Structures are given as structure tokens and as C-alpha cells.
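Peer 1: Protein chains in written order, with the entry's author numbering: chain E, 217 to 468; chain D, 217 to 324, 331 to 468; chain F, 217 to 324, 331 to 468; chain H, 1 to 9, 11 to 30, 35 to 59, 62 to 72, 74 to 128; chain A, 27 to 65, 79 to 97; chain C, 27 to 65, 79 to 97; chain B, 27 to 65, 79 to 97; chain L, 1 to 31, 34 to 57, 65 to 72, 74 to 80, 83 to 109, 114 to 127.
Just so you know, even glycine gets a beta-carbon here, dropped at the ideal spot from N, CA and C.
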Amino acid sequence: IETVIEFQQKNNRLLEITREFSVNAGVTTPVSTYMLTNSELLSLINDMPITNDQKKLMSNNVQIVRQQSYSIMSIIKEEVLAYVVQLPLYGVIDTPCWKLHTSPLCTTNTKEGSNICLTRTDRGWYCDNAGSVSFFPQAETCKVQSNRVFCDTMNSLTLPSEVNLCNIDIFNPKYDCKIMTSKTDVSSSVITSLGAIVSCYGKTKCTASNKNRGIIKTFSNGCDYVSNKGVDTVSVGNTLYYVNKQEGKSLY
Amino acid sequence: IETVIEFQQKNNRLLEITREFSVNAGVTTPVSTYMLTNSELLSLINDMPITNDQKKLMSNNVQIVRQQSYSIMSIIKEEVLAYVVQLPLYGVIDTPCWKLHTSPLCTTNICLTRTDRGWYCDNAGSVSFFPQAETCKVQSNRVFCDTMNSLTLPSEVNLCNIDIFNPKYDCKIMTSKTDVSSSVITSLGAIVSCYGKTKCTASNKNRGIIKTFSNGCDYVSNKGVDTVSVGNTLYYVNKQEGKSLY
Amino acid sequence: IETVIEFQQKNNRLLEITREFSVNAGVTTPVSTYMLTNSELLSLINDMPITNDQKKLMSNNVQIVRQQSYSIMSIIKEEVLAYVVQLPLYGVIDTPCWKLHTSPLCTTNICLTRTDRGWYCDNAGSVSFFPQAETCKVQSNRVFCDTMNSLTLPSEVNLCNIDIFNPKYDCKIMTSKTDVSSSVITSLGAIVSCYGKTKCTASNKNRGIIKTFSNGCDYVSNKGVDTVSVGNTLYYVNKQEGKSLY
Amino acid sequence: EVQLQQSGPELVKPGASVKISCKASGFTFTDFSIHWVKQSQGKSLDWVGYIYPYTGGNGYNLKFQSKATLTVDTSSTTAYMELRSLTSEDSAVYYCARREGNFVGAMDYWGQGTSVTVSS
Amino acid sequence: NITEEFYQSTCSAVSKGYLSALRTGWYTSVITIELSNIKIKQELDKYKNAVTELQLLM
Amino acid sequence: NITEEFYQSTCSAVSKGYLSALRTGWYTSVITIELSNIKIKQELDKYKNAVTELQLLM
Amino acid sequence: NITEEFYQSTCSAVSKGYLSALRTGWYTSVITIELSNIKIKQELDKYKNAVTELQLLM
Amino acid sequence: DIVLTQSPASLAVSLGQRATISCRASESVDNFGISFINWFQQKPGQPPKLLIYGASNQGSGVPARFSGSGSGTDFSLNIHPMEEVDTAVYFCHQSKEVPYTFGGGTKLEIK
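Below, the structure is given as C-alpha cells:
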């Protein structure tokens with residue numbers, strides 16, 4: 217009775233990894249604090265063939281590093297359990313990244329009634345790698361910690377450095393930006409990291425709304441940015457997009 | 217020894233969330249019942265700025281509401297574990313949606335395949351299109367998507383079902399130059415495209431082969447057919463009922 | 217005191233299925249060994265309507281069969297718990313597959335990256351193409367995909383390997399107007415594209431720099447080359463080995 | 001409103018690299038593209054090149072690549089045109105254009121026109 | 027409720043009869059789960088080690 | 027077994043030598059696992088709370 | 027740190043001000059934890088059943 | 001290089017009538035359905051000023075007498093009614109892809 221709970225208490229690290237390998241069926245991501253402690257992860261960070269600021273960087277981000285590393289079971293016996301922990305190795309570090317959010321943009325004019333209302337399909341993460349931009353279209357391969365962006369180049373596309381002209385022009389003659397088109401006006405809001413883009417065209421009525429001051433703005437026929445420190449909700453037609461994270465009551 | 221079991225039992229609510237925060241490394245989806253119980257979640261829908269009918273709907277679909285809500289640990293200490301539970305906040309509700317499935321369509331010689339299969343939902347007078355598979359969850363007749371990656375297309379997408387090239391919308395297409403035959407398992411049946419010298423038979427488990435497709439694109443219900451054999455590969459229109467275990 | 221431990225010990229199976237259903241909110245994947253043991257899975261392989269080759273195949277790759285099979289809860293009660301386990305049923309088996317890896321090919331000014339990288343498998347005389355990296359799981363020489371969201375391309379996709387502008391089947395490409403350098407870590411080697419003024423060196427772990435790339439696209443085998451420096455980036459062609467721990 | 005000043009007419014000996022300055026006042030300089042257009046003495050509006058001042064990105068018509077070097081000063085909101093190896097065929101007028109793109113309203117308002125007279 | 031219409035013109039199948047709920051924002055709740063600590080030492084040391092390993096991720 | 031051809035005419039490497047298994051349908055099976063019960080009450084109430092949360096979950 | 031610009035010419039917001047760490051390769055590590063063995080029978084049978092079920096996965 | 005042919009060269013239009021100018025592109029300048039043709043007006047000693055953008066729309070502060079029409085490889089600029097102040101050279105500028117090309121331009125002096 218005491219020895220079974222002693223077996224539980226000495227082997228906390230061993231029963232949890234067998235459970236975590238059963239549930240994920242051999243291949244486990246993200247790696248846990250049972251699969252690898254912080255001291256062992258730090259001593260392994262000091263071991264990798266990388267420069268010193270890379271080691272400091274993975275020491276400051278020991279949560280995102282765990283969220284990018286797999287751990288594949290290799291050999292299990294009655295008294296030994298073995299698994300390869302595939303810790304990430306970053307090739308380049310400390311080069312500027314940026315996340316591109318887009319929104320529908322109708323070329324509204326009442327002179328003729330000819331609107332085409334583009335949208336850019338190349339939203340996602342971009343980083344500088346080797347003098348050329350490495351672009352990540354998936355929203356799951358890149359993880360952010362408050363100034364830092366961590367991606368992977370497994371299936372990442374590699375675009376030239378002249379894709380920044382995609383931010384101010386679609387038909388710029390230096391890169392062909394990914395664009396889908398329409399033929400009638402559409403209206404939706406795209407919440408961003410530090411704000412929200414609101415496109416309001418046609419007969420749609422979109423009103424911004426501060427948390428305390430009520431309606432403070434009425435969007436015209438046009439695409440307008442609005443910060444997450446100036447408004448709190450945006451109503452487009454009947455959809456109430458929430459620009460900020462709505463605070464709620466706590467629990468105990 | 218009894219105090220240890222009391223610590224395990226009384227602090228189960230804390231030990232389980234510690235476990236799924238160690239395993240998931242600080243960010244956990246979906247929110248478990250150990251993370252946010254039913255009484256606390258149902259008291260947390262009586263507080264949101266949503267409509268009363270939206271409070272009514274999110275009470276009857278708590279499985280998908282928990283499958284879209286995150287839980288990010290913020291302040292961990294020896295006596296207090298704080299985690300922000302990011303519940304979904306639905307903007308629109310009770311509007312028509314439809315799923316789209318596509319199969320190759322060959323003609324006497332180029333084959334076409336509309337490579338925009340996914341979910342469509344009426345959002346604000348336009349259509350929110352969701353091309354991923356994890357963004358949209360489905361309960362009995364309810365479709366719970368999210369608009370973080372949603373594309374916005376007009377209400378003229380319905381013209382991409384009676385004409386491949388309608389002059390009011392540009393349907394996403396995939397061209398091919400040789401004949402291609404396959405089958406696509408839909409929600410309530412299967413689309414079977416049988417072209418070239420390929421032999422395709424639709425068969426019901428209780429009656430053997432019941433029909434043989436010619437060179438064309440045909441539809442199969444899932445209430446009178448269980449398997450469809452195209453060439454040598456055997457698609458299952460309905461889910462095969464197997465054994466029962468204990 | 218004893219009955220609590222016997223409740224945990226005689227009933228580990230139901231307890232872990234309850235915990236794994238609570239964490240995943242009613243639908244869990246992959247299917248664990250608590251949800252379906254090896255003996256029960258092996259007795260379940262012999263019952264599905266498949267050929268004798270498929271039953272021999274699926275008994276050697278139970279790790280991948282578990283990684284594609286779901287387990288959706290059906291009814292939960294205080295006495296029994298039932299859950300539908302959705303096992304994979306493979307329509308076609310023992311047909312060729314190949315993974316496509318691609319890198320920017322620059323001629324000098332233009333660069334053409336074939337964006338259609340992913341998995342390909344011969345289905346019924348035409349090749350099913352799987353662009354997503356989560357659908358297909360790879361064992362020792364075996365590929366296990368699913369044709370749920372899979373693009374049924376013709377068999378003439380092999381001619382895209384040797385020609386961008388192949389007239390039998392067009393190849394979808396991404397076009398750049400500026401020299402771009404990169405390196406793609408493939409399965410049994412790595413592609414290295416070194417164009418412009420970028421300085422790319424292929425280096426062996428126990429030799430230092432062993433190759434200097436000119437203006438071009440080259441391939442390094444992982445038997446001799448361990449790292450590749452493109453500008454300042456170090457693409458590890460192999461996987462670097464670290465210190466063992468206890 | 002949006003206005004584009006340009007440098008005065011220059012009288013330069015052949016073979017000298019000259020600089021044309023175009024000062025932009027009244028809009029956001035990192036949202037448009039200052040195109041350069043050369044009109045000769047009584048002929049059409051021959052295109053020269055483009056500069057997007059968001062990145063300083065330059066491109067040319069492929070008969071002015074060995075002739076013009078188009079630069080920005082985004083802090084002074086000014087475009088510059090460096091003309092190298094000037095001949096009698098470059099005695100012309102040059103215009104800077106604000107050139108809203110992206111389903112365009114292209115070339116809204118223009119500079120006043122720099123007259124470069126190249127002769128001995 | 028659910029219907030499914032087949033189109034032979036484009037070889038497609040549209041599954042109709044669905045009603046929407048589109049997520050647009052997040053509603054947060056800082057849930058503080060206290061500890062009912064007890065006055079056996081290996082259990083408390085295990086929990087403290089788990090707490091420390093959770094703390095070092097941030 | 028596995029080989030990898032390399033074509034520098036398109037800068038693409040093809041890993042050939044694989045054999046297929048393409049999932050087309052689903053084979054469902056109902057597993058009804060029972061409970062061994064004990065006639079101490081904290082564990083039973085814990086399990087019944089888990090059962091109640093699982094029932095209200097659906 | 028993070029500055030988010032907005033360009034109304036294409037209706038896109040760009041969140042600049044980040045610093046990269048682009049994964050390029052792997053770093054394997056063979057971690058071998060040994061069983062703290064014990065000479079009660081049901082717990083050992085449970086652990087050996089788990090070990091056997093994980094061995095049959097390969 | 002999308003060369004554009006603009007016709008006519010010198011246009012004589014009576015005071016108060018309709019004047020049309022054709023611009024035929026050699027390639028399709030349409031991009034996702036809408037054309038990229040801009041019609042400019044340049045008085046002597048003055049910079050060219052935008053009149054028509056997108057081959065249909067009207068510029069900021071342009072009277074309705076100027077109108078764009080056409083699609084594909086054929087476009088038309090229509091001026092009606094005609095005044096004494098609208099004497100200039102007009103240009104049809106293509107905007108699809114590099115290099116951008118200007119038409120030869122029509123000089124309309126009043127008949």
C-alpha cells in the first residue's frame with residue numbers, strides 16, 4: 217500500500233511519459249516538462265552548434281521551443297524507456313519579421329457602378345532569412361512571444377525581398393502578389409494583432425463602438441483601420457466583431 | 217497515507233490542469249471539463265454581451281464551444297494557478313450555411335475540378351468561406367466556424383453550381399488534359415466520376431452490385447448503397463458497421 | 217484506502233478513456249492503447265471487408281493505423297461508457313508513391335518554384351495528390367494517406383519532374399523576378415539553391431567545408447554532407463546528434 | 001492639396018550626369038509610386054521608370072536602364089533622377105507622377121516638368 | 027433539416043440545411059484555482088517541482 | 027528500396043520507392059466498456088462528477 | 027516594440043517590429059530514463088501491460 | 001511590351017458636338035475583369051492631368075462630358093458636349109504590366 221504509492225512518487229517522470237506516448241501513439245508534440253526538464257533543456261541548449269545569442273534566445277523562450285519540438289519513442293523495454301527529442305535548431309536569428317493581415321478592398325465609385333473588390337490571399341508571416349524573404353502561409357507553424365517570432369522552414373515558401381511592395385500595390389512590377397477578385401461589394405472586418413481593419417461598402421452599416429462611450433464612429437464606403445486602444449467592438453451589418461478581448465468575471 | 221489520497225482527490229481540479237499545462241506547454245485546446253466545468257461555463261454565457269438566443273444556442277452546443285475555446289496559463293505560483301480561458305464569441309447566428317464537395321468532370331478532352339471545396343456561411347450579406355478542415359465544426363444541423371482565416375466572397379458563389387464559368391463569379395478551377403476517374407465521399411452520399419476504360423460499380427452490402435456507371439459523373443445516395451468500386455479502389459459511401467467489444 | 221487504489225488499478229482503462237475524453241472534449245485522436253489494445257485492434261483488422269494483403273499490411277503498421285483512427289464518444293453513463301472508434305479502411309494498397317520536394321530554380331532573370339510539393343500516390347490509374355503534411359504518415363518504406371481532401375491528378379504528373387512547360391500536363395508554379403537562395407531538407411538529402419551573391423558552402427561535420435556551390439541548384443546526399451551555409455543560415459541536412467541524458 | 005514641385009530648366014554640356022529633383026507635398030509618400042515620364046520635343050509620353058518610395064524600389068523601361077538612376081529621399085519626401093552620359097537625344101521634359109496603383113486611379117497629379125537642354 | 031443537392035453541370039454536391047455560428051472575438055476569464063495545501080513530503084515536493092517547471096516556461 | 031532522384035531541370039527531388047495505403051472509408055466499432063463498482080465515497084463522487092460533466096458535455 | 031502600420035491602398039495591416047528564429051534543422055537527443063524497479080502486483084502488471092502495448096506499437 | 005495604337009492623329013470637332021478617340025491595345029490589358039486604361043489631357047505648357055481611370066470611371070474634379079468605354085483590346089474616350097476650352101492632346105496609358117505604354121495622343125483643335 218505504501219510501496220505502490222512510492223512507485224508512483226519516484227516514477228512521476230516515467231508514468232507520465234508512457235501515458236503521453238500512449239495518448240499520442242508514439243509521436244508526441246509539444247514536448248512536456250516531464251519529457252524534458254528546464255535544466256536538461258538548458259544544458260542541451262548550451263550544447264548545440266549555434267552561436268551564443270542563439271543559446272540565450274532559446275534560453276529565454278523555453279516554452280515556444282517546447283512547442284516546436286517533437287519526441288519520438290525509439291526503444292522501450294521492461295526497465296528502460298528511450299525516445300529521441302527533436303529539439304529545434306534555428307539557422308538564422310534576429311532578422312525582422314512581420315505578419316500581413318489583409319481585408320477586402322472595393323474600388324467604390326458612383327461614377328459608373330464598376331467595382332471589383334480585391335482581396336489578398338497571401339496573409340501570413342514573413343521573415344528575413346538570407347537576403348530573401350521566407351514566407352509562411354500557415355497560421356500554425358509560427359509562434360509569437362511578445363517581440364519574438366519562431367517559425368520553421370519545412371514547407372515554407374521563399375520569396376524575394378521585393379514583396380514589401382505588395383503592401384502598397386498589388387500590380388507592382390517587382391512581385392506578383394496573390395490576389396482573388398470579386399465583382400460585387402462585400403463587407404467584413406478582420407481583427408489584427410493590435411487593432412482591426414474594417415471594410416464597409418454597399419448598403420452595409422458598420423459602426424465602431426468603444427466599451428464605455430458607445431458608438432464613436434460610423435464607417436463610410438471605404439476601408440478603415442482602427443486601433444485596439446480606441447474602440448472595442450465593430451458592427452458590420454449584423455456581425456459584431458470584437459476588436460479587443462472582452463474581459464469577463466473571474467472564478468475560484 | 218490517507219492525506220496523500222485526500223490531496224489527490226480534493227485538488228484533482230488543480231492537478232489535472234497542471235498536467236495538461238505541462239503536457240501542452242502552457243497553452244491548451246480544447247478546454248477540458250477540468251479546466252472549465254459546466255456550471256461555471258453556463259454562468260459564463262449568462263454574462264457575455266451576446267443576445268439571449270445566442271445564450272440559448274451556446275448552452276446546447278457546449279462540446280463545440282469547448283472545442284473552439286483556448287486556455288492560456290498566465291500566473292502560476294505555489295498557491296494560485298491563473299489561466300485566461302478564451303471562450304468563443306459568435307457575431308452572427310441562425311443563418312444558412314452549406315458545404316461543397318467536388319469531383320472531376322471530364323468531357324470529350332479536358333477534365334475540370336473545382337478546387338474550392340470547403341464550408342460556406344452567410345456572414346453579413348456576403349459569404350464567409352472556410353477552406354480548412356479544423357476551423358468549422360458540425361453539430362446536428364449547426365456549423366460553428368471561426369473568422370480568423372475566413373475569406374470573404376459575394377453571394378454570387380451559388381452560380382458556381384449550375385455553370386462552371388458563370389460571368390458573375392470566378393470559380394476556382396483545376397484543369398487536366400487526360401481523363402481521370404475517382405469518387406468523393408460526401409455527407410449524404412458520394413460523387414462517382416467514371417471515365418475512360420475505368421469500370422465503376424456501386425454495390426449495396428445486402429444485394430451485391432446494383433449499378434454500373436458509364437462514362438460520366440453520377441451521384442449516389444448513402445441509404446441504398448454502401449460501397450463504390452472505381453477501377454480497383456473501393457470507396458465506402460457509408461461507414462462500415464463493425465463488431466461490438468467490451 | 218485499499219478500495220480506492222483497486223478502483224484505480226482494476227479500472228485504469230475506463231479512467232484513462234474518461235480523462236482523455238474530458239481533455240479532448242468528446243472526440244480524441246490518435247486512438248490510444250487505453251482506448252483500443254493491440255489484441256482488440258488485431259481482432260478488428262480481420263473483420264473488415266478487405267483483402268488478405270491489407271490485413272497483413274495493417275498488422276505491421278498499427279502505430280499509423282492508430283494515428284489515423286478517431287474515437288468519438290456516443291453515450292456516457294455512470295455504469296457503462298460507449299464510443300465509436302473510426303478505424304481507417306484503405307481502398308487501394310501496394311501501389312507506387314513518391315514525395316516531391318522543390319526549390320527555386322533561377323535562370324539568368332526569373333525564378334520558378336514548383337509550389338505543388340507534397341505527396342503523390344497511384345490510386346486507380348490516376349495519381350491522388352495530397353498537399354497537406356498531416357494527412358500522410360510514413361513508415362519504413364510505406365505511405366498512409368487519406369483521400370478525403372485529395373486532388374485526383376492524372377498519371378502524367380511525372381512529366382512535371384523534367385519539364386516546367388510540359389504540354390501533356392501543366393505545372394503550377396510560383397514566379398519570382400529576382401535571384402533567391404534557399405535550401406530544402408529532403409528525405410534522403412537536401413537541395414541547395416545558391417544564386418546571386420549568396421555564399422553557400424556544404425560542410426561535413428568532421429571535415430569542415432567540403433563543397434562551395436557556384437551559381438546554380440545542386441543536390442547533396444546526407445551521407446557526406448551534414449550542414450549547408452546559405453549566406454548566414456545553417457540548414458542542417460542531417461539531424462545533429464546531442465548528448466544522451468538519464 | 002497634393003502638389004509636385006520640380007527643378008527648373011537646366012542647360013548642360015553633353016556627357017554630364019545631372020540630377021532632377023521632384024518635391025512631393027500633400028500625401029502619404035509610402036503609399037504611392039513616383040513614376041518618371043520623358044516627353045521629347047513634340048513626341049509622345051515615353052516611359053522611363055518607376056520608384057516605389059516605400062522601399063525605394065526602382066525599375067526601368069529597357070532602354071533607360074543604362075541611362076537613368078532613380079532614387080528617393082523619403083525623409084524630405086523628394087524623388088531624384090540621375091541622368092548619366094547625356095546626349096542630344098535627352099534634351100526633353102521630364103515629369104514625376106504620383107500614380108495611385110492597385111485597380112488604379114493612375115497618375116492623379118503631375119510635376120510641373122523639368123526641361124533638360126543638352127548641347128555644347 | 028439537412029438536404030444534399032447534386033449538380034451534374036459541375037459534378038458537385040452541396041450539403042444544405044445548416045445554421046451558422048461564426049466566431050468573431052474572444053471572451054476571456056482569469057480563473058484562479060487555489061491550492062488546498064496540507065500540513079507525504081514527496082507529494083508536496085512533486086507538486087512544488089511541477090509548479091517550478093511551469094513557472095520557468097515564462 | 028527508397029531512392030531519391032534529383033532533377034535540376036526543375037530543381038526538384040523526388041523520393042521514389044514507396045507503397046501505398048489510401049484511406050477511403052471508415053470502419054466504425056462500438057466499444058462498451060463497463061465499470062467495476064465499489065460499495079471511499081470521495082472517489083465515487085469524483086467519478087460521478089466526471090460522468091455528469093461528460094453527459095452534460097453532449 | 028511592435029508597430030502596426032496600415033496601408034489603405036491595398037487595405038492591409040502589417041505588424042512590424044519582430045525578430046526571427048527560423049528553424050532549419052533538428053537536434054536529436056536519446057533520453058533514457060530507467061525504471062525505479064520494485065520487488079503491489081497489480082501496479083507492476085499495469086506497468087508491464089503498458090510497456091507491452093507500447094512495444095507492439097513498433 | 002503592350003503597344004497601343006491611338007486613333008486619330010488630329011481631330012476636328014465642331015463646337016458643341018461629340019468627339020470620339022479610339023485606343024486599340026495589342027494585348028489584353030484586362031486584369034481580373036477590369037481594364038487598366040487611363041486617359042490623360044495635356045494642354046501646351048502644362049503637365050498631363052488624369053481624366054479617365056479604369057477605362065470607365067471619372068477622375069476627381071472631372072466633368074461628366076468625358077466618358078470612357080470599351083473593354084478587351086478596344087477602348088474609347090468620348091467628349092460630349094464640346095467647348096472651346098477642351099483643346100489639348102489626349103493619351104491612353106496602359107497599366108497592366114511593365115513597361116507601361118502611352119498612346120500617341122490625339123490633338124483636338126476645334127473645327
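1) With a CB to CB cut of under 7 angstroms and the five nearest residues on each side skipped, what residues in its chain are close to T357 of chain E?
2) Could you tell me whether the Cβ atoms of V2 of chain H and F28 of chain H are closer together than 8 angstroms?
3) Going by C-alpha distance, which of D:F387, D:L273, D:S409, D:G347 is nearest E31 of chain A?
4) Classify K272 of chain E as helix, strand or coil using the three-state DSSP reduction.
5) I think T234 of chain E touches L93 of chain B, with their Cβ atoms under 8 angstroms apart; what is that distance to the nearest whole Å?
6) Is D440 of chain D helix, strand or coil when you go by DSSP?
7) With DSSP as the reference, identify every bridge partner of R364 of chain E, one or two as the case may be.
8) Specify whether the stretch 452-466 of chain F and the stretch 336-349 of chain E touch according to this definition: at least 3 beta carbon pairs, one from each stretch, less than 8 angstroms apart.
9) Is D310 of chain F helix, strand or coil by DSSP?
10) Which residues bound the beta strand (DSSP E) around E463 of chain D?
11) Please confirm if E256 of chain D has its CB atom under 8 angstroms from at least one CB of chain E.
12) Thinking just about the alpha-carbon of each residue, which of H:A76, H:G113, H:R92 is nearest to the one in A105 of chain H?
13) Output, in sequence order along the chain, the residues in the stretch 391-405 of chain F whose CB is closer than 9 angstroms to any CB in chain E.
14) Mind checking if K226 of chain D is an interface residue toward chain A, Cβ cutoff 8 angstroms exclusive?
15) Please identify, using Cβ separations under 9 angstroms, the residues of the stretch 297-317 of chain E that lie next to chain B, in order along the chain.
16) Looking only at its own chain, which residues have a Cβ that is under 7 angstroms from the Cβ of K42 of chain B, when we skip the five neighbours before and after it?
17) Using a Cβ-Cβ distance under 8 angstroms, would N240 of chain E count as near chain H?
18) Could you list which residues in chain D have their beta carbon closer than 7 angstroms to that of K42 of chain A, in chain order?
19) Among all the DSSP beta bridges, which residues are the ones paired with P304 of chain F?
20) What does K87 of chain C touch in chain F if you count any residue whose Cβ is under 8 angstroms from its own?
21) Taking the straight line between their C-alpha atoms, what separation do you get for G307 of chain F and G464 of chain D?
22) Give the interface partners of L230 of chain D over in chain A, defined as CB-CB distance under 7 angstroms, in chain order.
23) When the Cα atoms are used, what is the spatial distance from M370 of chain D to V414 of chain E?
24) Residues of the stretch 436-461 of chain F in Cβ contact with chain E at a cutoff of 7 angstroms, in chain order, please.
25) Which two residues bound the contiguous alpha helix (DSSP H) that contains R235 of chain E?
26) Determine the contact status of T311 of chain D and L45 of chain A, defining contact as a CB-CB distance below 8 angstroms.
27) What residues are listed by DSSP as bridge partners for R107 of chain H?
28) Considering only residues of the same chain and omitting the five flanking positions on each side of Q284 of chain F, which have a CB-CB separation below 6 angstroms?
29) In whole angstroms, what separates the C-alpha of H317 of chain F from that of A39 of chain C?
30) Just how far apart, CA to CA, sit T449 of chain F and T434 of chain F?
31) Considering Cα atoms alone, identify which of D:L321, D:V296, D:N388, D:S403 is closest to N227 of chain D.
32) If I measure Cβ to Cβ from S65 of chain L and keep anything under 6 angstroms in the same chain, skipping five residues before and after, which residues do I get?
33) Which chain C residues are close to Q279 of chain D, counting only those with a beta carbon under 7 angstroms from its beta carbon?
34) Anything in the stretch 331-356 of chain E with a Cβ closer than 8 angstroms to a Cβ of chain L? List those residues in chain order, please.
35) So if DSSP puts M396 of chain E in a beta bridge, which residue, or which two residues, is it bridged to?
36) Quick check on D269 of chain E: buried or exposed, where buried means 16 or more other Cβ atoms within 10 Å of its Cβ?
Peer 2: In this structure, then:
1) Walking along the first sequence from the start, residue 357 of chain E turns up at place 141. Contacts found: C367, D368.
2) Taking the fourth sequence and counting its residues from 1, one reaches residue 2 of chain H at position 2. Taking the fourth sequence and counting its residues from 1, one reaches residue 28 of chain H at position 27. Yes, the Cβ-Cβ distance between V2 of chain H and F28 of chain H is below 8 angstroms.
3) Within the fifth sequence, numbered from 1, the residue matching residue 31 of chain A stands at position 5. Taking only the C-alpha atoms, the option nearest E31 of chain A is D:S409.
4) In the first sequence, counting from the first residue as 1, residue 272 of chain E sits at position 56. Looking at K272 of chain E - three-state DSSP - the assignment turns out to be helix.
5) Sequence index remark: in the first sequence, residue 234 of chain E carries index 18 (1-based). Sequence index remark: in the seventh sequence, residue 93 of chain B carries index 54 (1-based). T234 of chain E to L93 of chain B, Cβ: 7 angstroms. Contact.
6) For this step, residue 440 of chain D is matched to residue 218 along the second sequence. Three-state DSSP puts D440 of chain D in a strand.
7) By one-based count along the first sequence, residue 364 of chain E stands at place 148. Beta-bridge pairing links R364 of chain E to E:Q361, B:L45.
8) yes
9) As a working mapping, residue 310 of chain F is identified with position 94 in the third sequence. Reduced to three states, the DSSP call for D310 of chain F is strand.
10) Here residue 463 of chain D refers to the residue found at position 241 of the second sequence. Counting along the chain, the beta strand (DSSP E) containing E463 of chain D begins and ends at 462-467.
11) Along the second sequence, one-based indexing puts residue 256 of chain D at 40. Taking Cβ atoms only, chain E reaches closer than 8 angstroms to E256 of chain D, which makes this a yes.
12) The residue you call residue 105 of chain H lines up with position 97 of the fourth sequence. Among H:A76, H:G113, H:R92, the Cα nearest to that of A105 of chain H belongs to H:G113.
13) Hits within the stretch, in order: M396, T397, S398, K399, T400, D401, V402, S403, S404, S405.
14) The residue given as residue 226 of chain D occupies position 10 in the second sequence. At least one chain A Cβ lies under 8 angstroms of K226 of chain D.
15) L297, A298, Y299, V300, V301, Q302, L303, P304, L305, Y306, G307, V308, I309, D310, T311, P312, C313, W314, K315, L316, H317
16) Translated into the one-based positions of the seventh sequence, residue 42 of chain B becomes position 16. Non-local C-beta neighbours of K42 of chain B in its own chain, meaning closer than 7 angstroms and more than five positions away in sequence, comprise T29, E31, ordered along the chain.
17) The residue given as residue 240 of chain E occupies position 24 in the first sequence. It does not; no Cβ of chain H falls within 8 angstroms.
18) For the purposes of this step, residue 42 of chain A is taken as residue 16 along the fifth sequence, with counting starting at 1. Going along chain D in sequence order, the residues near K42 of chain A (Cβ under 7 angstroms) are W314.
19) Stepping through the third sequence from its first residue, residue 304 of chain F is reached at position 88. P304 of chain F pairs with C:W52.
20) In the sixth sequence, the residue the question calls residue 87 of chain C occupies position 48. What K87 of chain C touches in chain F: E294.
21) The residue given as residue 307 of chain F occupies position 91 in the third sequence. The residue given as residue 464 of chain D occupies position 242 in the second sequence. Straight-line Cα distance between these residues: approximately 17 angstroms.
22) To locate residue 230 of chain D, count along the second sequence from 1; it is residue 14. Neighbours of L230 of chain D on chain A, chain order: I59, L61.
23) For the purposes of this step, residue 370 of chain D is taken as residue 148 along the second sequence, with counting starting at 1. For the purposes of this step, residue 414 of chain E is taken as residue 198 along the first sequence, with counting starting at 1. So the alpha carbons of these two residues sit roughly 14 angstroms apart.
24) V452, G453, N454, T455, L456, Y457, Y458
25) Translated into the one-based positions of the first sequence, residue 235 of chain E becomes position 19. Per DSSP, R235 of chain E belongs to the alpha helix (DSSP H) from 228-240.
26) Counting from one through the second sequence, the residue named residue 311 of chain D turns up at place 95. Counting from one through the fifth sequence, the residue named residue 45 of chain A turns up at place 19. A Cβ-Cβ contact shorter than 8 angstroms links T311 of chain D with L45 of chain A.
27) The sequence position of residue 107 of chain H within the fourth sequence is 99, counting from 1. According to DSSP, which records beta bridges pairwise, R107 of chain H is partnered with nothing at all.
28) Translated into the one-based positions of the third sequence, residue 284 of chain F becomes position 68. If we look at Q284 of chain F and ignore the five residues flanking it on each side, its Cβ neighbours are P304.
29) Counting from one through the third sequence, the residue named residue 317 of chain F turns up at place 101. Counting from one through the sixth sequence, the residue named residue 39 of chain C turns up at place 13. If I take the Cα positions, the gap works out to 5 angstroms.
30) Taking the first residue of the third sequence as position 1, residue 449 of chain F is located at position 227. Taking the first residue of the third sequence as position 1, residue 434 of chain F is located at position 212. If you draw a straight line from the Cα of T449 of chain F to the Cα of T434 of chain F, it comes to about 12 angstroms.
31) Position 11 of the second sequence, counted from the first residue, corresponds to residue 227 of chain D. The residue with the shortest Cα to Cα distance from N227 of chain D is D:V296.
32) Within the eighth sequence, the letter at position 56 stands for residue 65 of chain L. Cβ within range, chain order: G78.
33) Your numbering for residue 279 of chain D matches position 63 in the second sequence. Residues of chain C passing the Cβ test: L96, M97.
34) Correct list: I332, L334.
35) On the first sequence, residue 396 of chain E is found 180 positions in, with the first residue counted as 1. E:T335, per the DSSP bridge assignment.
36) Taking the first sequence and counting its residues from 1, one reaches residue 269 of chain E at position 53. That one is exposed.
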